[PDB]
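Input: a single structure, listed below in structure tokens.
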Amino acid sequence: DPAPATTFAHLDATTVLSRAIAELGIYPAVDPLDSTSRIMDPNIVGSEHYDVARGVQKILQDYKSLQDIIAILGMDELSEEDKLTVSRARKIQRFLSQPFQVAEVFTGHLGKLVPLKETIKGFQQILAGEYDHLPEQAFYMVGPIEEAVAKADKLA
Amino acid sequence: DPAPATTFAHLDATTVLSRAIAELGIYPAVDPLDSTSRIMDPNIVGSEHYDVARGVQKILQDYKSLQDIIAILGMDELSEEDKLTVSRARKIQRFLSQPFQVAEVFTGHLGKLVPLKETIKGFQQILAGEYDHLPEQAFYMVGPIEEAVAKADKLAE
Amino acid sequence: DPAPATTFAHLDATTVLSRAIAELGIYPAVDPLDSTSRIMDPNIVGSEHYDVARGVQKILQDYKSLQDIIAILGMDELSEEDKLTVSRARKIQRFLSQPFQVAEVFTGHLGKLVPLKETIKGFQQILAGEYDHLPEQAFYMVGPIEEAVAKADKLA
Amino acid sequence: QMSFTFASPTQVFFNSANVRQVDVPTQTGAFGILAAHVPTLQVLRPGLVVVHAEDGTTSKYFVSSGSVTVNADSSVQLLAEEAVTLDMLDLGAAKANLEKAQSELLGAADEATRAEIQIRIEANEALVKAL
Amino acid sequence: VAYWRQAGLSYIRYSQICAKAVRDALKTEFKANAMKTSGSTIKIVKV
Amino acid sequence: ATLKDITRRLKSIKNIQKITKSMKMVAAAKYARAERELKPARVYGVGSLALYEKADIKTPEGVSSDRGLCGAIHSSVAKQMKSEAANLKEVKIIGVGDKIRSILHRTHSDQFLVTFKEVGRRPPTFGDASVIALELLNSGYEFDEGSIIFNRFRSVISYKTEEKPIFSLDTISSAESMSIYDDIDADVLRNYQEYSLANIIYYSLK
Amino acid sequence: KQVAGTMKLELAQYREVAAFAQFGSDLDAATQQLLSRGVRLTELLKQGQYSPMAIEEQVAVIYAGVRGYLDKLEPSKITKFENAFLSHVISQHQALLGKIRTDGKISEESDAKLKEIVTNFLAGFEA
Amino acid sequence: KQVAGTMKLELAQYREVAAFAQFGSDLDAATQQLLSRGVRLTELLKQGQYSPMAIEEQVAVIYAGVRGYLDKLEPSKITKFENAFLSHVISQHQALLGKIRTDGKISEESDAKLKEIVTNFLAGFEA
């Protein structure tokens, strides 16, 4: 629509929210492959940041490509390599959820705020698959990656 | 689109070009199933010509039909009859390309040009099951049918 | 599409004719599932009328499921319970058939105009199995229920 | 007294049924089955078989070559590669296969395609002990 | 060692060729299950 | 979202739907026979175990098909093969089903021993089994103890993987607790540990 | 009407089960049937350009297929069989062909003189 | 032109011929290789930002693969590779670049030198 459409020109960082995501209870509803900043740049954010970013942004967009075959034939027809790319991605998908200090009322859950370090860290780990041993939920709605691994226990 | 649409009435022979074909590298990207001539009549081009064109048209159409069985539900799950009509089809489909003389700049092969009766013969053969042994690429971008038997060994050893 | 959509706002009921049904020789070829009425409120007609109808409905869907089993699995693959609800359903299918008077001049068959009360109990019975004994095709093309009873006997 | 089970890949003839004794072709003559026999394990050599019922019935059956196993407790079973009974054997129709076997013994100065053959001899031959 | 061993022939093959006679010893009223059964529908991939 | 495209994708999916519904009803009857032909093959195959399973045995010292597209089946004998290739000595790769060559060649390409093909197309019957046992003696591999897994059938909608052990060396077979039995001739057991193998394998297949 | 009816219905069933053409080279011999009838009936509806047939001629060639007689002939040959079979009757039995037309129906009698020509001609055709 | 003149109609067929045999089965002697190559080739046009290259160097790396001096390397490395083999043949042979940069061509001369500078690297890493 012209309105949103034109406005994009005018921003330096954009965050795009999809009903699709929100409807899966993934708040904040951010589209990871559609939100952008004119400073995601190693020279500005330091190529550990830029590297974990585009690494998440990759596995996600790799998951997203399988999205079609998984819908018609099912998980099983997925090659072994691919069965993983999903599981890992699906965690990332889930670990970008973060319970805001506002909707402490809708989430009920306690409002977390995660510092750049532990953000960058946690994903890096998830990406290097330290956690392929934890249930999905474990990363849904948490703070740093501890609350993740921590959660995973209370279930067990 | 009302422009090209209305143009069709005013023709006697229409060659229609396909992006999806071109995108596969098969230049000239002619859609062998959207292209039409008024004189494609056995009483004008002969039963050999006609019967042979329509046979090619058919097999390509049949291959188009197996196309979303196979590529999403396991190739070798096909008939014997069908892996055969796929095999030949993809050959036929590629033998239909031509290195154009004004396109050497792009292609990379020296131009070409095939006399009608060596075209009819070429396909009649492929169709007949006479090259089910030569591999695909041998028909890709050659001239007269034999020049594929050429690339048939050049690609071999 | 706006046309139908506007129209439907004013509609109180549907009667759906099926080439489908007509093929199976049921006249009139009303799909007894697709066809529906807004006064199928127990509140508005019977609690009897309603409960019975919901019964004829339920049995009819139930059947259309075993029909997928019976089709590729086995004809005796159903319990003596299902073998039963297929029995009853195939009979109801038939009792929803009917000869019209405007087709006497042509079938010879006398035409039945079936008062409400009779129709309600007709199916009420067939449901609670009061005819599992009786055949089947003596339910096809009759007036009230007591024509289907007096039609099986007339199969000597 | 024992529960008897005997069937073949194709069909089941007697399932865990009350049997007093049965009768088997072994790789050492015959070998009845004591209603409380000693534990043993022996194979099979082509031949017939009969069972002693719980009502005293004795219908004959036939085995090609399988496994018989008398377990410690009161349980014994027979595992046949094949098992013909009742009528399916069509009289001496195969007493002819008895020939295209003995004959072959000669037509092979080998040992591989020889040892094999002789088997078919005693095999087929033993069969004549039907009808 | 017995009259089929010696060469290097497993009991399997013994038990096998046996059947090849019991099946040959049948007719048309009972045989519709002995043709269906039996067969080496396996391959030997060492390719 | 172009009309043209929606229409394309529509056509594509509408076929996948038909091919699937069709192929479902093929497997449907195919299963309904392989089950009738199972009623026997169980009673039988089971009793082949009546022995072994009345005298457990220690030791001091893969079954499926080629046609995939059945989902759960082929993974479940790997959740018990790459997961039993790190638990276990040294047994080498012996399983039937080309689909194991696929889901086990980029990750365990060495221990390979003998794979099979044309499994599942036609309903396996005894010969099928034996011809695998007949080739585990012929192709003389040094046998010690047995690991052969397969999918026991519970329901049409569910099954259950299973690990069964068969004692591949008659040495380990005639262990201690097996003395309760007579005539323990090393040659009437050489002819029973051999016929129980192509009696398990046959039960596993069917 | 007395052949077209059937044909319609048969093609209709043939249609319902077309899917298993491919992934169905091993399915209930009951529906293996409809496929066969179907593809055959279908061949009968193919027609060349500028070659309009007379109604009695039509009824004949459809009668052939719609009554079984063509079921054991390779689909390929059908357009050739109908081509020769049509010709045979048109010169020979201009008799009870021309009679099928003017009478309008297919007589208890014409039914038989047809079955005689169809089955015995096929016989010799594919021989 | 000599390293990439018929590789544009090759990465529009290696494209389609890895989208056809996407699934894990078998394919003949001809189309087993095209894939065994491409994956590595694409890792080549993967390029940093705000860091053009002079045509000479482009011809350098493109040569590496196109002539098949990479046809046996795990793609996940084909970047740490290029990032070396190109600062290694700027620190060593400003020679070869000199020619190709100027006459804008690869004479059997220039080509010959390459044919070793390359080889002089794969064996010095993996083998």
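Ordered as shown in the structure tokens, chains take letters A, B, and onward, while each chain numbers its residues from 1 and ligands are numbered from 1 in the order shown.
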Could you fit chain C onto chain A by least squares over every C-alpha atom, paired in order, and give me the moved chain as a PDB file with C-alpha atoms, in the first residue's frame?
```
ATOM      1  CA  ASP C   1       2.899   5.820  -4.061  1.00  0.00           C
ATOM      2  CA  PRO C   2       4.625   9.153  -3.344  1.00  0.00           C
ATOM      3  CA  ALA C   3       3.708   9.290   0.300  1.00  0.00           C
ATOM      4  CA  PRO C   4       5.511   6.103   1.410  1.00  0.00           C
ATOM      5  CA  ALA C   5       8.233   6.588  -1.166  1.00  0.00           C
ATOM      6  CA  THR C   6       9.142  10.045   0.131  1.00  0.00           C
ATOM      7  CA  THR C   7       9.055   8.772   3.688  1.00  0.00           C
ATOM      8  CA  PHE C   8      11.361   5.791   3.051  1.00  0.00           C
ATOM      9  CA  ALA C   9      14.155   8.084   1.867  1.00  0.00           C
ATOM     10  CA  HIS C  10      14.491   9.103   5.486  1.00  0.00           C
ATOM     11  CA  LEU C  11      14.157   5.624   6.999  1.00  0.00           C
ATOM     12  CA  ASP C  12      17.086   3.812   8.610  1.00  0.00           C
ATOM     13  CA  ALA C  13      15.428   0.505   9.566  1.00  0.00           C
ATOM     14  CA  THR C  14      12.186  -1.411   9.613  1.00  0.00           C
ATOM     15  CA  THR C  15      10.258  -3.267  12.211  1.00  0.00           C
ATOM     16  CA  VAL C  16       7.487  -5.326  10.740  1.00  0.00           C
ATOM     17  CA  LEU C  17       4.752  -6.724  12.937  1.00  0.00           C
ATOM     18  CA  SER C  18       2.979  -9.759  11.490  1.00  0.00           C
ATOM     19  CA  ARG C  19      -0.536 -10.933  12.399  1.00  0.00           C
ATOM     20  CA  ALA C  20       0.993 -13.939  10.739  1.00  0.00           C
ATOM     21  CA  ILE C  21       3.793 -14.348  13.263  1.00  0.00           C
ATOM     22  CA  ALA C  22       1.606 -13.325  16.186  1.00  0.00           C
ATOM     23  CA  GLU C  23      -0.624 -16.292  15.417  1.00  0.00           C
ATOM     24  CA  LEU C  24       2.248 -18.700  15.838  1.00  0.00           C
ATOM     25  CA  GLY C  25       2.454 -17.256  19.362  1.00  0.00           C
ATOM     26  CA  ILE C  26       5.743 -15.418  18.931  1.00  0.00           C
ATOM     27  CA  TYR C  27       5.938 -12.177  20.917  1.00  0.00           C
ATOM     28  CA  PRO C  28       6.748  -9.613  19.763  1.00  0.00           C
ATOM     29  CA  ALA C  29       5.480 -10.575  16.314  1.00  0.00           C
ATOM     30  CA  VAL C  30       8.377  -9.175  14.353  1.00  0.00           C
ATOM     31  CA  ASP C  31       8.895 -10.895  11.023  1.00  0.00           C
ATOM     32  CA  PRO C  32      12.660 -11.503  11.358  1.00  0.00           C
ATOM     33  CA  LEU C  33      13.084 -11.597   7.597  1.00  0.00           C
ATOM     34  CA  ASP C  34      10.846  -8.690   6.464  1.00  0.00           C
ATOM     35  CA  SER C  35      12.232  -6.424   9.201  1.00  0.00           C
ATOM     36  CA  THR C  36      15.572  -4.913   8.335  1.00  0.00           C
ATOM     37  CA  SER C  37      18.177  -2.271   9.201  1.00  0.00           C
ATOM     38  CA  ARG C  38      20.616  -0.173   7.183  1.00  0.00           C
ATOM     39  CA  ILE C  39      23.231  -0.593   9.904  1.00  0.00           C
ATOM     40  CA  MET C  40      23.483  -4.322   9.244  1.00  0.00           C
ATOM     41  CA  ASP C  41      26.806  -3.424   7.724  1.00  0.00           C
ATOM     42  CA  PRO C  42      29.561  -5.497   9.306  1.00  0.00           C
ATOM     43  CA  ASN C  43      31.414  -2.219   8.828  1.00  0.00           C
ATOM     44  CA  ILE C  44      29.074  -0.477  11.285  1.00  0.00           C
ATOM     45  CA  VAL C  45      28.225  -3.021  13.977  1.00  0.00           C
ATOM     46  CA  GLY C  46      30.267  -6.162  14.654  1.00  0.00           C
ATOM     47  CA  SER C  47      31.857  -8.506  12.134  1.00  0.00           C
ATOM     48  CA  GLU C  48      30.649 -10.842  14.817  1.00  0.00           C
ATOM     49  CA  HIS C  49      27.303  -9.057  15.189  1.00  0.00           C
ATOM     50  CA  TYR C  50      26.937  -9.066  11.430  1.00  0.00           C
ATOM     51  CA  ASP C  51      28.087 -12.627  10.730  1.00  0.00           C
ATOM     52  CA  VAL C  52      25.832 -13.976  13.492  1.00  0.00           C
ATOM     53  CA  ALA C  53      22.793 -12.079  12.238  1.00  0.00           C
ATOM     54  CA  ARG C  54      23.403 -13.172   8.635  1.00  0.00           C
ATOM     55  CA  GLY C  55      23.483 -16.660  10.178  1.00  0.00           C
ATOM     56  CA  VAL C  56      20.145 -16.425  11.955  1.00  0.00           C
ATOM     57  CA  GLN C  57      18.821 -15.020   8.693  1.00  0.00           C
ATOM     58  CA  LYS C  58      20.188 -17.750   6.437  1.00  0.00           C
ATOM     59  CA  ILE C  59      19.003 -20.603   8.656  1.00  0.00           C
ATOM     60  CA  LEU C  60      15.538 -19.033   8.851  1.00  0.00           C
ATOM     61  CA  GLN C  61      15.050 -18.813   5.056  1.00  0.00           C
ATOM     62  CA  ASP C  62      16.613 -22.245   4.588  1.00  0.00           C
ATOM     63  CA  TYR C  63      14.004 -23.652   6.992  1.00  0.00           C
ATOM     64  CA  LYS C  64      11.120 -21.882   5.309  1.00  0.00           C
ATOM     65  CA  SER C  65      12.046 -23.970   2.239  1.00  0.00           C
ATOM     66  CA  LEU C  66      12.099 -27.442   3.764  1.00  0.00           C
ATOM     67  CA  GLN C  67       8.760 -26.331   5.193  1.00  0.00           C
ATOM     68  CA  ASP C  68       7.372 -26.737   1.673  1.00  0.00           C
ATOM     69  CA  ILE C  69       8.947 -30.170   1.320  1.00  0.00           C
ATOM     70  CA  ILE C  70       8.128 -31.429   4.792  1.00  0.00           C
ATOM     71  CA  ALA C  71       4.601 -30.212   4.020  1.00  0.00           C
ATOM     72  CA  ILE C  72       4.000 -32.361   0.902  1.00  0.00           C
ATOM     73  CA  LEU C  73       6.822 -34.900   0.511  1.00  0.00           C
ATOM     74  CA  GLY C  74       7.745 -36.391   3.880  1.00  0.00           C
ATOM     75  CA  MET C  75       8.684 -35.434   7.430  1.00  0.00           C
ATOM     76  CA  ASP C  76      11.803 -37.633   7.325  1.00  0.00           C
ATOM     77  CA  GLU C  77      12.552 -36.680   3.713  1.00  0.00           C
ATOM     78  CA  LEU C  78      15.453 -34.521   4.905  1.00  0.00           C
ATOM     79  CA  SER C  79      19.025 -35.678   5.505  1.00  0.00           C
ATOM     80  CA  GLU C  80      20.373 -35.881   9.074  1.00  0.00           C
ATOM     81  CA  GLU C  81      21.785 -32.548   8.041  1.00  0.00           C
ATOM     82  CA  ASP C  82      18.477 -30.826   7.205  1.00  0.00           C
ATOM     83  CA  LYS C  83      16.633 -32.698   9.961  1.00  0.00           C
ATOM     84  CA  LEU C  84      19.237 -30.729  11.912  1.00  0.00           C
ATOM     85  CA  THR C  85      18.894 -27.199  10.439  1.00  0.00           C
ATOM     86  CA  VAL C  86      15.144 -27.581  10.945  1.00  0.00           C
ATOM     87  CA  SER C  87      15.935 -28.524  14.537  1.00  0.00           C
ATOM     88  CA  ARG C  88      18.163 -25.494  15.108  1.00  0.00           C
ATOM     89  CA  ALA C  89      15.882 -23.059  13.226  1.00  0.00           C
ATOM     90  CA  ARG C  90      12.741 -24.007  15.123  1.00  0.00           C
ATOM     91  CA  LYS C  91      14.794 -23.272  18.226  1.00  0.00           C
ATOM     92  CA  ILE C  92      15.991 -19.868  17.043  1.00  0.00           C
ATOM     93  CA  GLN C  93      12.463 -18.945  16.063  1.00  0.00           C
ATOM     94  CA  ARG C  94      11.640 -19.459  19.716  1.00  0.00           C
ATOM     95  CA  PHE C  95      14.619 -17.629  21.188  1.00  0.00           C
ATOM     96  CA  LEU C  96      13.568 -14.530  19.217  1.00  0.00           C
ATOM     97  CA  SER C  97      10.514 -14.577  21.498  1.00  0.00           C
ATOM     98  CA  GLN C  98      10.533 -12.527  24.674  1.00  0.00           C
ATOM     99  CA  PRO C  99       8.423 -11.420  27.613  1.00  0.00           C
ATOM    100  CA  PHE C 100       7.977  -7.672  28.082  1.00  0.00           C
ATOM    101  CA  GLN C 101       8.003  -5.948  31.470  1.00  0.00           C
ATOM    102  CA  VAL C 102       4.947  -3.991  30.427  1.00  0.00           C
ATOM    103  CA  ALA C 103       3.181  -7.331  30.312  1.00  0.00           C
ATOM    104  CA  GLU C 104       4.160  -8.516  33.829  1.00  0.00           C
ATOM    105  CA  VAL C 105       1.181  -6.824  35.402  1.00  0.00           C
ATOM    106  CA  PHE C 106      -0.676  -9.266  33.125  1.00  0.00           C
ATOM    107  CA  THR C 107       1.250 -12.458  32.252  1.00  0.00           C
ATOM    108  CA  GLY C 108       2.843 -12.733  35.688  1.00  0.00           C
ATOM    109  CA  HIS C 109       5.910 -13.650  33.612  1.00  0.00           C
ATOM    110  CA  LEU C 110       8.932 -11.559  34.567  1.00  0.00           C
ATOM    111  CA  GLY C 111      10.156  -9.348  31.763  1.00  0.00           C
ATOM    112  CA  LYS C 112      13.565  -9.608  30.221  1.00  0.00           C
ATOM    113  CA  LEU C 113      15.676  -6.721  29.025  1.00  0.00           C
ATOM    114  CA  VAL C 114      18.553  -8.478  27.238  1.00  0.00           C
ATOM    115  CA  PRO C 115      21.800  -6.507  26.871  1.00  0.00           C
ATOM    116  CA  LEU C 116      23.346  -6.586  23.466  1.00  0.00           C
ATOM    117  CA  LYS C 117      26.409  -8.865  23.955  1.00  0.00           C
ATOM    118  CA  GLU C 118      24.318 -11.642  25.499  1.00  0.00           C
ATOM    119  CA  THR C 119      21.879 -11.640  22.586  1.00  0.00           C
ATOM    120  CA  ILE C 120      24.658 -11.858  20.101  1.00  0.00           C
ATOM    121  CA  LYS C 121      26.191 -14.939  21.715  1.00  0.00           C
ATOM    122  CA  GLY C 122      22.837 -16.465  22.574  1.00  0.00           C
ATOM    123  CA  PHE C 123      22.174 -17.056  18.860  1.00  0.00           C
ATOM    124  CA  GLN C 124      25.879 -17.669  18.170  1.00  0.00           C
ATOM    125  CA  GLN C 125      25.560 -20.866  20.139  1.00  0.00           C
ATOM    126  CA  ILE C 126      22.190 -22.288  19.128  1.00  0.00           C
ATOM    127  CA  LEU C 127      23.699 -21.833  15.655  1.00  0.00           C
ATOM    128  CA  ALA C 128      26.846 -23.918  16.164  1.00  0.00           C
ATOM    129  CA  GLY C 129      24.518 -26.473  17.733  1.00  0.00           C
ATOM    130  CA  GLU C 130      25.478 -26.019  21.375  1.00  0.00           C
ATOM    131  CA  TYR C 131      21.888 -27.012  22.256  1.00  0.00           C
ATOM    132  CA  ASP C 132      20.801 -29.655  19.776  1.00  0.00           C
ATOM    133  CA  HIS C 133      20.738 -31.784  22.928  1.00  0.00           C
ATOM    134  CA  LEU C 134      18.413 -29.470  24.866  1.00  0.00           C
ATOM    135  CA  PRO C 135      14.686 -29.679  23.892  1.00  0.00           C
ATOM    136  CA  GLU C 136      12.911 -26.880  21.974  1.00  0.00           C
ATOM    137  CA  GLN C 137      10.079 -25.172  23.790  1.00  0.00           C
ATOM    138  CA  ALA C 138      12.474 -24.217  26.560  1.00  0.00           C
ATOM    139  CA  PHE C 139      13.814 -21.638  24.123  1.00  0.00           C
ATOM    140  CA  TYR C 140      10.361 -20.019  23.913  1.00  0.00           C
ATOM    141  CA  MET C 141       9.844 -16.905  26.066  1.00  0.00           C
ATOM    142  CA  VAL C 142      13.051 -16.404  27.981  1.00  0.00           C
ATOM    143  CA  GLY C 143      15.602 -13.677  28.712  1.00  0.00           C
ATOM    144  CA  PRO C 144      19.272 -14.491  27.985  1.00  0.00           C
ATOM    145  CA  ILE C 145      20.324 -18.004  26.824  1.00  0.00           C
ATOM    146  CA  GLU C 146      21.122 -19.184  30.340  1.00  0.00           C
ATOM    147  CA  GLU C 147      17.417 -18.981  31.101  1.00  0.00           C
ATOM    148  CA  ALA C 148      16.654 -21.469  28.329  1.00  0.00           C
ATOM    149  CA  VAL C 149      19.327 -23.788  29.632  1.00  0.00           C
ATOM    150  CA  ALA C 150      17.961 -23.407  33.163  1.00  0.00           C
ATOM    151  CA  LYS C 151      14.432 -23.986  31.858  1.00  0.00           C
ATOM    152  CA  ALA C 152      14.903 -27.379  30.230  1.00  0.00           C
ATOM    153  CA  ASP C 153      16.424 -28.703  33.467  1.00  0.00           C
ATOM    154  CA  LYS C 154      13.369 -27.222  35.207  1.00  0.00           C
ATOM    155  CA  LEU C 155      11.331 -29.651  33.073  1.00  0.00           C
ATOM    156  CA  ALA C 156      11.646 -32.526  35.577  1.00  0.00           C
TER     157      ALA C 156
END
```
What does chain H look like once superposed on chain G, all Cα atoms paired in sequence order, least squares? Give it as a short mmCIF file (atom, residue, chain, number, x, y, z; two decimals) with C-alpha atoms, in the first residue's frame.
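Written out: out-v2.cif:
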```cif
data_model
loop_
_atom_site.label_atom_id
_atom_site.label_comp_id
_atom_site.auth_asym_id
_atom_site.auth_seq_id
_atom_site.Cartn_x
_atom_site.Cartn_y
_atom_site.Cartn_z
CA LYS H 1 -28.87 -43.46 -27.09
CA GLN H 2 -28.30 -47.24 -27.00
CA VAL H 3 -24.54 -46.96 -27.59
CA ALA H 4 -23.89 -43.86 -25.50
CA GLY H 5 -26.51 -42.95 -22.91
CA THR H 6 -24.63 -43.78 -19.74
CA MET H 7 -21.18 -43.42 -21.28
CA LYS H 8 -21.15 -39.69 -20.48
CA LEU H 9 -21.27 -40.45 -16.73
CA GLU H 10 -18.68 -43.20 -17.47
CA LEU H 11 -16.10 -40.89 -19.07
CA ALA H 12 -16.42 -38.68 -16.00
CA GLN H 13 -15.64 -41.65 -13.72
CA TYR H 14 -13.12 -43.60 -15.88
CA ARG H 15 -11.63 -40.12 -15.97
CA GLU H 16 -11.36 -39.76 -12.19
CA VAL H 17 -10.49 -43.46 -11.90
CA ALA H 18 -7.27 -43.21 -13.91
CA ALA H 19 -6.30 -39.98 -12.25
CA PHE H 20 -6.45 -41.72 -8.85
CA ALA H 21 -4.59 -44.87 -9.81
CA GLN H 22 -2.19 -43.06 -12.14
CA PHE H 23 0.78 -44.74 -10.46
CA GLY H 24 1.95 -48.31 -11.10
CA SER H 25 0.49 -50.39 -8.27
CA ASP H 26 -2.52 -52.69 -7.72
CA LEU H 27 -6.30 -52.20 -7.88
CA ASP H 28 -9.19 -54.63 -7.30
CA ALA H 29 -11.27 -56.68 -9.77
CA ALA H 30 -13.72 -53.84 -10.49
CA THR H 31 -11.49 -50.92 -11.51
CA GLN H 32 -8.89 -52.86 -13.52
CA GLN H 33 -11.14 -52.89 -16.58
CA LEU H 34 -12.55 -49.36 -16.79
CA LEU H 35 -9.08 -48.16 -17.85
CA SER H 36 -8.45 -51.24 -19.98
CA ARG H 37 -11.32 -49.82 -22.05
CA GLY H 38 -11.38 -46.04 -22.05
CA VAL H 39 -8.01 -45.48 -23.70
CA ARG H 40 -9.43 -47.22 -26.78
CA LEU H 41 -12.78 -45.43 -26.58
CA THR H 42 -11.17 -41.97 -26.70
CA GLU H 43 -9.24 -42.95 -29.81
CA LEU H 44 -12.77 -43.15 -31.22
CA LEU H 45 -13.97 -39.56 -30.80
CA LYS H 46 -10.68 -38.56 -32.40
CA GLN H 47 -12.03 -37.13 -35.64
CA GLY H 48 -10.84 -35.50 -38.83
CA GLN H 49 -11.85 -32.04 -39.90
CA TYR H 50 -14.36 -30.91 -42.53
CA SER H 51 -15.65 -34.49 -42.62
CA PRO H 52 -18.85 -34.96 -40.63
CA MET H 53 -20.44 -38.39 -40.32
CA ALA H 54 -24.06 -39.42 -40.72
CA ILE H 55 -25.61 -40.66 -37.49
CA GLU H 56 -25.82 -44.20 -38.83
CA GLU H 57 -22.03 -44.55 -39.24
CA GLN H 58 -21.46 -42.93 -35.86
CA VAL H 59 -23.57 -45.65 -34.29
CA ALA H 60 -21.47 -48.16 -36.23
CA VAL H 61 -18.07 -47.37 -34.71
CA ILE H 62 -19.40 -46.40 -31.29
CA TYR H 63 -20.92 -49.91 -31.30
CA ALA H 64 -17.54 -51.46 -32.13
CA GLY H 65 -16.08 -50.43 -28.80
CA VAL H 66 -18.98 -49.83 -26.43
CA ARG H 67 -20.15 -53.42 -26.73
CA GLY H 68 -16.56 -54.53 -26.25
CA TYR H 69 -15.36 -55.52 -29.70
CA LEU H 70 -12.22 -53.45 -29.25
CA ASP H 71 -11.59 -54.21 -25.59
CA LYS H 72 -8.50 -56.10 -26.79
CA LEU H 73 -6.61 -53.81 -29.20
CA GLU H 74 -3.54 -51.55 -28.97
CA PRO H 75 -4.85 -47.96 -29.11
CA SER H 76 -2.10 -46.89 -31.57
CA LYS H 77 -4.09 -48.66 -34.30
CA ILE H 78 -7.70 -47.83 -33.38
CA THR H 79 -7.67 -45.29 -36.19
CA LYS H 80 -6.38 -47.27 -39.20
CA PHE H 81 -9.03 -49.66 -37.92
CA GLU H 82 -12.07 -47.38 -37.93
CA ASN H 83 -10.95 -45.85 -41.26
CA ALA H 84 -11.42 -49.35 -42.69
CA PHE H 85 -14.27 -51.01 -40.77
CA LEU H 86 -16.47 -48.09 -41.80
CA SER H 87 -15.70 -48.06 -45.53
CA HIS H 88 -16.04 -51.84 -45.36
CA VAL H 89 -19.55 -51.61 -43.91
CA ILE H 90 -20.66 -49.01 -46.41
CA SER H 91 -19.40 -50.99 -49.40
CA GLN H 92 -20.92 -54.20 -48.05
CA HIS H 93 -24.01 -53.41 -45.96
CA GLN H 94 -25.79 -50.28 -47.12
CA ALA H 95 -28.33 -52.71 -45.70
CA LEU H 96 -28.01 -52.15 -41.95
CA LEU H 97 -27.37 -48.40 -42.33
CA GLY H 98 -30.61 -48.20 -44.27
CA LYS H 99 -32.65 -49.33 -41.29
CA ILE H 100 -30.96 -47.50 -38.43
CA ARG H 101 -30.73 -44.33 -40.50
CA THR H 102 -34.48 -44.39 -41.13
CA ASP H 103 -36.28 -45.76 -38.10
CA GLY H 104 -33.41 -44.34 -36.08
CA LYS H 105 -33.00 -47.35 -33.83
CA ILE H 106 -31.23 -50.69 -33.49
CA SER H 107 -33.81 -53.49 -33.25
CA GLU H 108 -32.55 -56.89 -32.11
CA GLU H 109 -32.67 -57.43 -35.85
CA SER H 110 -30.21 -54.71 -36.85
CA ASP H 111 -28.20 -55.51 -33.70
CA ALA H 112 -27.90 -59.17 -34.67
CA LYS H 113 -26.41 -58.40 -38.10
CA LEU H 114 -23.86 -56.09 -36.45
CA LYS H 115 -22.97 -58.74 -33.87
CA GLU H 116 -21.36 -60.65 -36.71
CA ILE H 117 -20.16 -57.96 -39.16
CA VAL H 118 -17.96 -56.85 -36.28
CA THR H 119 -16.60 -60.16 -35.02
CA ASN H 120 -16.06 -60.83 -38.73
CA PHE H 121 -13.11 -58.44 -38.50
CA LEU H 122 -11.12 -58.64 -35.24
CA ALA H 123 -10.34 -62.29 -35.89
CA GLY H 124 -9.44 -61.18 -39.42
CA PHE H 125 -6.43 -59.05 -38.61
CA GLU H 126 -4.87 -60.01 -35.27
CA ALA H 127 -6.23 -63.53 -34.68
#
```
For the structure I just gave you, how does DSSP split chain B - specifically, which residues are alpha helix (DSSP H)? Reply as an MDAnalysis selection string. chainID B and resid 2:7 19:22 42:65 67:70 80:95 116:128 146:154
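Backbone DSSP over chain C gives strand (DSSP E or B) for residues 13, 17, 30 and 37 of chain C.
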Considering only C-alpha atoms, tabulate each residue of chain D that lies at most 6 Å from chain F along with its nearest interatomic pair and the corresponding distance in Å to one decimal; arrange the rows by chain and ascending residue number and present them as a tab-separated table.
```
residue	atom	partner	partner_atom	distance
D:7	CA	F:44	CA	5.8
D:8	CA	F:44	CA	6.0
D:9	CA	F:41	CA	4.9
D:11	CA	F:40	CA	5.1
D:12	CA	F:40	CA	5.5
D:39	CA	F:181	CA	4.4
D:40	CA	F:182	CA	4.6
D:42	CA	F:188	CA	5.5
```
Do a neighbour search on stretch 61-63 of chain F at 9 Å with only C-alpha atoms, toss out local chain neighbours closer than 4 positions, and write the hits as a list in words.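 Counting only the stated atoms, we get residues 74, 77, 78, 80, 81, 89, 93, 94, 95, 96, 97, 100, 144, 145, 147, 148, 149, 150, 151, 172, 201, 204 and 205 of chain F.
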